[PDB]
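A lone chain, given as structure tokens: the form solved without beta(2-thienyl)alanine (TIH).
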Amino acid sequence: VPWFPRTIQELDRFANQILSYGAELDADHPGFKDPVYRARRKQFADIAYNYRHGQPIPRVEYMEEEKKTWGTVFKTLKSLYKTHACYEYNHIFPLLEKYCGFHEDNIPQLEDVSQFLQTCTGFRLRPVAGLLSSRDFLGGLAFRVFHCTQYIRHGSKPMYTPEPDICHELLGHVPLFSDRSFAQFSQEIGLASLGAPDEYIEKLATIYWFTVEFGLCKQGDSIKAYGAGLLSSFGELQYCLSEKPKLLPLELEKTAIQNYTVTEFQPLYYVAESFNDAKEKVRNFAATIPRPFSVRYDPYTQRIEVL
């Protein structure tokens, strides 16, 4: 059985296991030829590297150029939310603007966003350097911990990022983690991953892809976006609710093995009935994963109980 954290503090073992040679080092990355950007990214990476569970997340003074990039992303995406985003998203967005500084001229600090999430559903953020393995990333969800990037995409291409960046974390993920039902759903994915065989970790990562990242959900007689990948992509958010893509009901035995690529708009999306239902489906799917035990998270002591 693969090792897995049993206490929320044990998530600290993660920072010592990310891909050390990240996307920003690639020749085609938007900021590759910019040495200031490179040092700026290493600076955020260092903050994540020295972070330890329990500490407040360091505040960072963003530069005028970074604030501009965020402003561009914020304003163009905001125009789509009232009509394309699920109810849960629009319900919390005003509070985020009011209490977390979500505005075109201000990049929210992760500590404030984390405290806000903790008050809503007990979810918290932890700054992360680069890409964690799926096992470690999903594992954190079992503790209602979301590993979040703090850096921003290069200013030369505000509408493009080959990786998650702070605009994607805050405008895409954070609002759904504010909802109790979604929080419980995400956590169920994380619980399923604890000690699971690598082959199932990949199946759960695919389920995660088709829900948390690119999920569509029923809302009364309508359909809305809730996946963070869609909610932070201006082009795909509009495309996903048009007649072009194919839509199928969320069905984990099929979803878990569906192939996808991360470079074009998704040709197929899965539609959840609701977060409680997706949660139930994950729970059932998790029972099929060969694990010599069951797991339960105890929020009172922040430890995972193994049986």
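So that the term is clear: the rigid core is the largest set of C-alpha atoms that superpose within 1.5 Å between two forms. Numbering starts at 1 and follows the sequence shown.
There is also a form solved in complex with beta(2-thienyl)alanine (TIH); it is not shown, and the following applies to it.
Trainee: Quick one: from 195, 164, 140, 108, grab the residue that has a heavy atom within 4.5 Å of beta(2-thienyl)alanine (TIH) in the entry with it bound.
Mentor: Contact check passes for 164.
Trainee: Let me know the one among 185, 89, 214, 123 whose heavy atoms come within 4.5 Å of beta(2-thienyl)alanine (TIH) in the entry with it bound, would you?
Mentor: None of the other options qualify; the answer is 214.
Trainee: Check residue 232 for me: does it contact beta(2-thienyl)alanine (TIH) in the entry with it bound (non-hydrogen atoms, 4.5 angstroms)?
Mentor: Output for residue 232 is yes: heavy atoms within 4.5 Å of beta(2-thienyl)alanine (TIH).
Trainee: Should residue 200 be classed as touching beta(2-thienyl)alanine (TIH) in the entry with it bound when contacts are defined as heavy atoms within 4.5 Å?
Mentor: Heavy-atom contact with beta(2-thienyl)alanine (TIH) at 4.5 Å: absent for residue 200.
Trainee: Is there a heavy atom of residue 99 no more than 4.5 Å from a heavy atom of beta(2-thienyl)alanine (TIH) in the entry with it bound?
Mentor: Outside the cut-off, so no.
Trainee: May I ask you to check whether residue 154 falls inside a 4.5 Å heavy atom distance of beta(2-thienyl)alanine (TIH) in the entry with it bound?
Mentor: Outside the cut-off, so no.
Trainee: At 4.5 Å between heavy atoms, only one of the stretches 115 to 123, 218 to 226, 91 to 99, 154 to 162 reaches beta(2-thienyl)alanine (TIH) in the entry with it bound; which one is it?
Mentor: Partner-contacting stretch among the options: 154 to 162.
Trainee: So which residues in 62 to 89, when you check beta(2-thienyl)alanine (TIH) in the entry with it bound, have a heavy atom no farther than 4.5 Å from it?
Mentor: Read in sequence order, no residue approaches beta(2-thienyl)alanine (TIH) (within 4.5 Å, in the entry with it bound).
Trainee: Core fitted between this form and the one not shown: which of 196, 117, 148, 225 shows a C-alpha shift of 2 angstroms or more?
Mentor: Everything else stays below 2 Å; the exception is 225.
Trainee: Taking the rigid core as the reference frame, tell me whether residue 59 has a CA displacement of 2 angstroms or more between this form and the one not shown.
Mentor: No: residue 59 shifts by under 2 Å between this form and the one not shown.
Trainee: With both forms fitted on the core, check whether the Cα of residue 43 differs by 2 Å or more between this form and the one not shown.
Mentor: No, its C-alpha moves less than 2 Å.
Trainee: On a core-based superposition, does residue 285 travel 2 Å or more at its Cα between this form and the one not shown?
Mentor: Yes, residue 285 moves 2 Å or more.
Trainee: If the C-alpha spacing of residue 21 and residue 168 moves by 3 Å or more in the entry with it bound, is that a move closer or farther apart?
Mentor: So the answer is closer.
Trainee: Given that the distance between the C-alpha atoms of residue 21 and residue 190 changes by 3 Å or more in the entry with it bound, do they end up closer or farther than here?
Mentor: Closer together, which means the C-alphas of residue 21 and residue 190 are at least 3 Å nearer in the entry with it bound.
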